[PDB]
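Colleague: Dropping a structure here in structure tokens format, bear with me for questions.
Structure follows, in structure tokens:
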């Protein structure tokens with residue numbers, strides 16, 4: 002899914018530099034993409050995180066959505082961010098709040114399905130009912146039908 | 114011959130026992146893996162329980 006290239010955007014570059022520096026090691030001799038999934042535990046143990054075999058096996062299943070035991074740099078960066086939210090910096094909560102006043106053109110203190118809709122129309126991106134409600138519930142943590150401001154932060158922190 | 118035999122019995126003892134100890138290590142590892150999988154099912158079954166129990170609340 003799109004969170005792959007999202008992370009490729011979301012991730013910072015000083016990260017991916019040492020990401021490749023450590024990525025250089027997996028080759029057990031003469032490899033060109035034959036990476037295995039039993040080594041997923043070890044490679045998640047390498048890059049600086051502290052993983053546990055439970056999540057190791059889950060990501061063995063949760064990742065390898067291609068099933069080939071392989072992971073793209075896109076998939077690499079996403080399964081970085083989809084667990085460790087090394088996303089596009091989540092610019093702030095308060096720069097976010099000034100963005101949120103423009104979300105609530107109606108000065109709501111909450112992004113409602115209406116404000117969600119109008120703001121995504123201001124993107125030009127059309128309103129499918131899932132879209133806004135996918136955004137609503139992903140932001141409307143209280144499930145009040147609308148995304149209040151901290152709902153918006155936890156919503157759009159780690160977000161460009 | 115009895116002492117060398119004892120060495121062989123003890124060495125065979127170790128080969129059988131070491132292999133067995135490894136089989137036991139493997140059965141043990143298997144029970145660890147299985148209880149962990151079951152435990153992880155329980156973590157999720159309990160987590161899911163919590164989600165529905167919380168949602169129930």
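Chains as they are written, first to last, in the deposited numbering: chain V, 2 to 161; chain W, 114 to 170. Backbone N, C-alpha and C fix where the C-beta goes; we use that ideal spot for every residue, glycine too.
Find the residues of chain V that neighbour residue 149/W, judging by a C-beta separation of less than 9 Å, and give them in chain order.
Modeller: Ordered by position in chain V, the residues that pass the 9 Å Cβ test against residue 149/W are 54, 55, 58.
Colleague: Identify every run of the alpha helix (DSSP H) within the region 121-161 of chain W, keeping only runs that are complete inside it and at least 4 residues long; order them along the chain.
Modeller: Taking only runs of at least 4 residues, no alpha helix (DSSP H) segment lies wholly in the region 121-161 of chain W.
Colleague: Less than 8 Å between the beta carbons of residue 104/V and residue 116/V, yes or no?
Modeller: Cβ atoms of residue 104/V and residue 116/V: closer than 8 Å.
Colleague: Under the three-state reduction of DSSP, which class applies to residue 67/V: helix, strand or coil?
Modeller: In this structure, residue 67/V counts as coil in the three-state DSSP scheme.
Colleague: Following the continuous alpha helix (DSSP H) through residue 148/V, name the residue where it begins and the one where it ends.
Modeller: Premise fails: residue 148/V lies in the beta strand (DSSP E), 147-149, not in any alpha helix (DSSP H).
Colleague: In the DSSP assignment, find the alpha helix (DSSP H) that holds residue 36/V and state where it starts and stops.
Modeller: Note, residue 36/V: premise wrong, no alpha helix (DSSP H); not H, not E.
Colleague: Could you tell me how far apart the beta carbons of residue 71/V and residue 26/V are, in whole angstroms, since I believe they sit closer than 8 Å?
Modeller: The Cβ separation is near 17 Å, so there is no contact.
Colleague: Below 6 Å CB to CB, which residues in the same chain sit around residue 140/V once its five sequence neighbours on both sides are set aside?
Modeller: Correct list, in chain order: 148, 152, 153, 156.
Colleague: Residue 5/V and residue 67/V - do their beta-carbons sit closer together than 8 Å?
Modeller: Against a cut-off of 8 Å, the Cβ pair of residue 5/V and residue 67/V comes out as no contact.
Colleague: Ends of the beta strand (DSSP E) at residue 4/V?
Modeller: Premise fails: residue 4/V lies in the alpha helix (DSSP H), 4-11, not in any beta strand (DSSP E).
Colleague: Nearest-angstrom Cα distance between residue 89/V and residue 79/V?
Modeller: Rounded to whole angstroms, residue 89/V to residue 79/V spans 12 Å at the Cα level.
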